[PDB]
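Counting with the deposited numbering, you get residues 4 to 125, 127 to 261 for the letters of the sequence shown. Notes to accompany the following structure.
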Amino acid sequence: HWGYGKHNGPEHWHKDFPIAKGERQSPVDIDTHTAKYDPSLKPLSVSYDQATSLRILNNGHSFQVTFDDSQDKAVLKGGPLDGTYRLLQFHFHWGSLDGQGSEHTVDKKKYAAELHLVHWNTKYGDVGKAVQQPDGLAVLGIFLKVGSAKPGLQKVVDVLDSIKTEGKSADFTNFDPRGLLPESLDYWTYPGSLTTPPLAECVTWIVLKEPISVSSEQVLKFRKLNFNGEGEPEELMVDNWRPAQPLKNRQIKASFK
Ligand SMILES: NS(=O)(=O)c1ccc(O)c(NC(=O)NCCCCO)c1
Ligand SMILES: [Zn+2]
């Protein structure tokens, strides 16, 4: 099974998923001086007021919060996107130490963690069909730095002890994802891929310029999760990030000067 260890980690994934060496893989390093301001880019429209969270789950590579995506309840529109994208889930990637953990980098700088809010294009009817299309998904990526606590994250942090090991899930209703967003919605955007297998090249990436701050106690609770299932030798869930991939024939655009 793929993972993040020495023998099954990102350098091995191409053997089962040859698209890993493809033309639009993610994440990438965002060279801020080389990104081009695009004045035709529209502001992002984040409409999360009716979001309905369902469950929180340890899937063996991250933890995720899942939402009801059977109606237009929490949607992303505007920005570089055509049409309406429904929120399906969010999850995080993080490090063993505060100087690594993000997937995207900014001028080679790594953040302590990265939040991915995953949305799919409603014209394709379901996420399984959307992943087969070059414009099927939109992932909003948000960097986390360590400093002051993020109050909107605490409800997530406090339930992690109930999903310590792979396969465990818990009810997680009435969570408001608006509490995870920074003040500014300025962003970079480029066409890319899922950052975990199957590495499908279906994602419009929207990476926010402004990080959110979380406390050392909050990130320490992420690092207490386990990759392994219950009853197996304990391997802490840390460093579940893919390194930056070649930009190849792509340009990163900025919404801001
Ligand atoms: N990190 S990401 O680019 O935001 C991302 C967003 C949505 C996804 O569905 C995946 N990939 C995934 O969940 N794979 C699960 C194992 C099944 C493979 O057989 C990654
Ligand atoms: Zn992710």
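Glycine residues also receive a C-beta, built at the ideal position from the N, C-alpha and C atoms.
Residue i beta carbon near ligand 2 (any heavy atom closer than 6 Å)
i    : result
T108 : no
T199 : yes
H64  : no
Residue i, DSSP secondary structure in three states
i           : result
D75         : coil
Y128        : helix
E117        : strand
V135        : coil
residue 3   : Residue 3 falls outside the range modelled here, since the chain spans only 4 to 261, and no answer is possible.
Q222        : helix
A204        : coil
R89         : strand
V211        : strand
residue 3   : In this structure the chain extends from 4 to 261, so residue 3 is not present and cannot be described.
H96         : strand
residue 279 : This structure cannot speak to residue 279, because the chain is shown only from 4 to 261.
Cβ-heavy atom distance, residue i to ligand 1, below 6 Å
i    : result
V31  : no
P202 : yes
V163 : no
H119 : yes
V68  : no
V143 : yes
Whole-angstrom distance between residue j and residue i, CA atom to CA atom
i         : j    : result
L118      : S105 : 9 Å
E239      : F231 : 6 Å
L84       : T208 : 8 Å
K159      : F179 : 8 Å
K113      : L60  : 26 Å
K39       : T200 : 27 Å
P42       : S65  : 36 Å
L141      : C206 : 6 Å
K18       : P250 : 18 Å
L47       : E236 : 44 Å
residue 2 : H10  : Residue numbering for the chain in the displayed model covers 4 to 261; residue 2 lies beyond these limits and cannot be assessed.
Pick from the options that is closest to residue i, judged by C-alpha positions
i    : options                   : result
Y194 : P202, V211, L184 and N178 : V211
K76  : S65, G183, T55 and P83    : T55
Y191 : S173, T200 and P215       : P215
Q255 : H36, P21, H10 and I22     : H36
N244 : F260, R227 and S259       : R227
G233 : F260, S173, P250 and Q222 : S173
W97  : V78, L148 and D52         : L148
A116 : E14, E26 and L224         : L224
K261 : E221, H10 and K213        : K213
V78  : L120, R58, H94 and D110   : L120
Those residues which DSSP pairs with residue i across a bridge
i    : result
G81  : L47
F147 : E117
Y40  : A258
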